[PDB]
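Values in this text are rule-based calculations from the coordinates and carry no lab data. Counting neighbours? That spans all protein chains shown, and the Cβs are built from the backbone with ideal geometry, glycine included.
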Amino acid sequence: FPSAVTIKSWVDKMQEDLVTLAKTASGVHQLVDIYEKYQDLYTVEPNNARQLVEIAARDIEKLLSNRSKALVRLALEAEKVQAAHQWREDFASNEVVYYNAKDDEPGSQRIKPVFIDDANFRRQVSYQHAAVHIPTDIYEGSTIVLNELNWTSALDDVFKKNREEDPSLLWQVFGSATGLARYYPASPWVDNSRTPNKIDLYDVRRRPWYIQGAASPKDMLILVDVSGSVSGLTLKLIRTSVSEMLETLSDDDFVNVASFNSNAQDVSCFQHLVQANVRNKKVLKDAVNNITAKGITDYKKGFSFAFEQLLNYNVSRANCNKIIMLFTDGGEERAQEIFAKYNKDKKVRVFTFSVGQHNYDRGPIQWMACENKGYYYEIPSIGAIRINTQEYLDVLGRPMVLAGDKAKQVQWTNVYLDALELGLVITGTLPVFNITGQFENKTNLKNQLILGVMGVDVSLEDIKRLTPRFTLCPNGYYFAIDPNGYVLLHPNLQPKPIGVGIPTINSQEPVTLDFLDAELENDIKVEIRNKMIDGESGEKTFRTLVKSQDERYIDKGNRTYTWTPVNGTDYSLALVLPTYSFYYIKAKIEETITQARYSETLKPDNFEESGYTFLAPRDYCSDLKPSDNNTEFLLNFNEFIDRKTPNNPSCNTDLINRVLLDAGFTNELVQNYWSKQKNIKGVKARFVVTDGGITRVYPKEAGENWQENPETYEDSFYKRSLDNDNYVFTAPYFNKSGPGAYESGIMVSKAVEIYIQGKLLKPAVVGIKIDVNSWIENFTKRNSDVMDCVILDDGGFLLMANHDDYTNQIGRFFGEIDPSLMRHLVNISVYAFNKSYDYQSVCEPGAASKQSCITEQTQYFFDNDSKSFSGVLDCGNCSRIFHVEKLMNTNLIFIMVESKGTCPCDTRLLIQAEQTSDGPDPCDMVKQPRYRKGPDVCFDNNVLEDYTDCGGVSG
Ligand SMILES: *[C@@H]1O[C@H](CO)[C@@H](O)[C@H](O)[C@H]1NC(C)=O
Ligand SMILES: *[C@@H]1O[C@H](CO)[C@@H](O)[C@H](O)[C@H]1NC(C)=O
Ligand SMILES: NCC1(CC(=O)O)CCCCC1
Ligand SMILES: [Ca+2]
Ligand code: NA
């Protein structure tokens, strides 16, 4: 084995050759000189984080206030119209005229719309009437529905006025308590190719934006009868009913499921109330779908357990509605002592359900439902499950109605996918009360229930339009959260459902992504989250690990967080801004000739002498649309520049001027430096990616192999080389599909830095692609049999070797071609690994299309800053020798080891690719939960409530 001095000399020579080639071919110094030469076509402007955060929060507050005004006006008009309405049953003679969706009878006339095409809504809509959706099980000929249409036909004028006030208005909707939902503008309902599995089961009374406004958060505890007398069809009905009941809960509600058969016990691992999010609800459903019926019944022990679990106060709760929902069939036990012991003051409601078809006594069940301020329900078949499990929100809404005026508060819901194919939206909510005979105080019996719920939608793209990012760098961004910790805005939130567990095969759920799951978790992150949840203002500068856009690299970077609360609402907004992005360049190019030249630069027929130009698809104009092809997008851009005046009445001037300035600088670089040395031996392509959104590859034929995102803010190598302070080598993918490795080369990148007035700016990155053949020629200058020589980057991705068998698989993770060496050096502190979870992932349904899944990812990086390593790879029965050695000014390492053949010891390979996992364990996250702050306004237990109408004594 050669000594360490010769190894150091070899590594020094290789580093010198590689770094010299990259530096001379790229042109970092030339680009920096070109940037600094003018200093008169642009101006440096600061990015004051606090002012930007305050302005964005103010804009968001103003938008939400506008939506709240619209909701209040709609609710007032609806209440006033419903108050003065005459009941009638003569709909045969006089008909109600309305347009119905999901179509194509006496008393109803239908309307044929025009359905023009609109750009905001991604479908065809009409602005002359409001569509009406009536669920399948609701017959549109009944007198209740006819009266509903008759008195709701007055909302169209206020809808039109609302849309005239703010043309950017999205869907407006009134969901009635009778089942029908009237929305504006008119548009046909949804259908998917009329497949047999495309039945419309939509019911507005079950939508979360309706439930969150129909009542207040609760502390439900589902008590399930699992005695022997319930086995059969009724047990299956009970399981389905419990699942449907759990489907009505949200994040603000807390729930647990218990069972009793001569003994009361929990149904799962929780043992107490849990926040009832997607994971906990999935656990509860899976636990309740595995219960068996046996033993005698004992209501006293079960109710004692249910009351005991509601008096904990040692855990996180809601303290707003303690309700016990019993699911049973029948019995003869009333258990007066338990109710007189645990609630003399009727502080806990008891709802009772009799499930199945049987001949058991239902008297004591109704007595339990009527004594406590509860209700009694019957579920004899699967058909009644949908309706007879969402009716408890009428009982829970009586105190809110009795409170009345002080309960008219606009609430905003979670982020969810619109059912009419609009993306990610949030819905405002305001209930409407029934005030007929209010000035005479006559009935006050049917006035304890709400007419319905009104809603208005705001798209997340409207939120993103209020937080511009192109004055920042590719590493700075906004993000906002709600007091539950979930994310309202983030670059890592995608229009996909949240995955739960491993998908096993034989828009209903919300998109709830926590802040600590959209990024890498850290103690400072936890402190910042807890501090901004409580509506504080702060700023914190620290150092943290950042994952690359392509989930294979992790780099250490300095970050700064600045968070303020959004006034009026309950959201908090932050702004992550790296230290080198406190200043930006604005273009002061106000002159015809220079702009004309910089625009002529982009002509597609100049690519011979200007490289293969790309262009980021940005909103440069209102009339310009991102074409997603970039071959005609640049043509449209050139046409607009050629014909439209540079005044830009409807277009940003800053973005256009920035693009022109970057085009001029990049063309100067290409024409003055790259074009001189046309052919370089080891270089296959020379590229440059700028901040304004222009990327260039000099050999026009090399552009066809440039498979990079035209949006320079989405290029992983751009961000990676901005974070690092040296040359960055990017490893090609293993095989995928398409040219690579030998065809393309190896990408080396370096960011340019300028000090124009003592201020650090990084406005571009450049680099080259290296031919594999010449690199191998200079590496051997072997296919040996007793010595292995490999080169890896920070990440363990093989870039070159000497066996000519490793070099065929270039870019593959080194832990799959030589497991023992990688495992050994992963604990010599030369490599460190981070494991994280991704929830918005799709996996092939395994051997239990695609389904949502959770994928665990692992990334590797250099742990200890030591330039040399040594030791012996004693695997047992042999002893290999290795001299791992890093390279300077580069993220590469050089390894020389004994051949694998000499040691028969074979170990298991370790994989860096994502693994379809099922964790983390939910039974542990509830013992030490995160920090949350629930709502304070709670409406319950009003003494004027009648509650004389239970479900038993009336029949
Ligand atoms: C709210 O509405 C008013 C009137 O249309 C408008 O001036 C204001 O700009 C709107 N809010 C925002 C954030 O645009
Ligand atoms: C509002 O209350 C009155 C009086 O009890 C009742 O007749 C009417 O049906 C209620 N409104 C609706 C839409 O049910
Ligand atoms: N946002 C509410 C919708 C879909 C939903 O209920 O999620 C129904 C009414 C009209 C707009 C769409
Ligand atoms: Ca029983
Ligand atoms: Na909320």
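Quick look at the values:
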quantity: Computed label-point distance, nm, for sites residue 508 and residue 701 using a 7 Å Cα→Cβ extension; calculated: 5.8
quantity: Column: log10 I(q)/I(0), Debye, Cα scatterers of the chain, q = 0.07, 0.08, 0.09 Å⁻¹; calculated: -0.75, -0.93, -1.09
quantity: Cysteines not pairable in the chain (beta carbon separation under 4.7 Å absent); calculated: 473, 789
quantity: The stretch 428-487: trypsin sites (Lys or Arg not before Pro) in DSSP loop, at most 12 other beta carbons within 10 Å; calculated: 442
quantity: Alpha-carbon centroids, the stretch 744-813 and the stretch 235-265: separation in whole Å; calculated: 58
quantity: Dipole magnitude of the stretch 189-333, debye to nearest 20 (Cβ charges: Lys/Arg +1, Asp/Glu -1, about Cα centre); calculated: 340
quantity: Packing rank of 624-637, 485-498, where each peptide gets the mean count of other beta carbons within 10 Å, highest leading; calculated: 485-498, 624-637
quantity: Qualifying GluC sites (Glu not before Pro) in the stretch 372-435, DSSP loop, other Cβ atoms within 10 Å at most 12; calculated: 421
quantity: Rounded Å value of the spacing that divides the Cα centres of the stretch 1-44 and the stretch 408-443; calculated: 62
quantity: Cut-off 11 Å between beta-carbons: net charge of the residues surrounding residue 412, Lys and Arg +1, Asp and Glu -1; calculated: -2
quantity: Distance between modelled label sites at residue 24 and residue 436, nm, 7 Å Cα→Cβ extension; calculated: 9.2
quantity: Span from the the stretch 908-955 Cα centroid across to the the stretch 832-854 one, whole angstrom; calculated: 24
quantity: Anisotropy class of the stretch 286-330 from Cα gyration tensor, a/c 1.5 cut; calculated: prolate
quantity: Descending semi-axes in Å of the stretch 674-806, equivalent ellipsoid built from Cα gyration tensor; calculated: 29, 17, 15
quantity: For peptides 284-292, 166-174, sequence by mean Cβ density within 10 Å, most packed first; calculated: 166-174, 284-292
quantity: FRET efficiency, residue 319 to residue 643 (Cβ-Cβ, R0 60 Å, nearest 0.05); calculated: 0.35
quantity: Gyration tensor (alpha-carbon) shape descriptor, the stretch 330-409, a/c threshold 1.5; calculated: oblate
quantity: In the stretch 603-671, the trypsin sites (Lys or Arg not before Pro) that fall in loop regions by DSSP, at most 15 other Cβ within 10 Å; calculated: 644
quantity: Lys/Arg +1, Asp/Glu -1 at C-beta; the chain dipole; positive extreme among 192, 761, 119; calculated: 761
quantity: Given charges at beta-carbon only (K, R positive; D, E negative), |dipole| of the stretch 346-409 in Debye; calculated: 340
quantity: Prolate/oblate/rounded call for the stretch 760-835, Cα gyration tensor, a/c under 1.5 rounded; calculated: oblate
quantity: Cα convex hull of the stretch 425-583, projected area averaged across orientations, nm²; calculated: 15.5
quantity: Convex hull volume per residue in cubic angstrom - Cα atoms of the stretch 9-85; calculated: 260
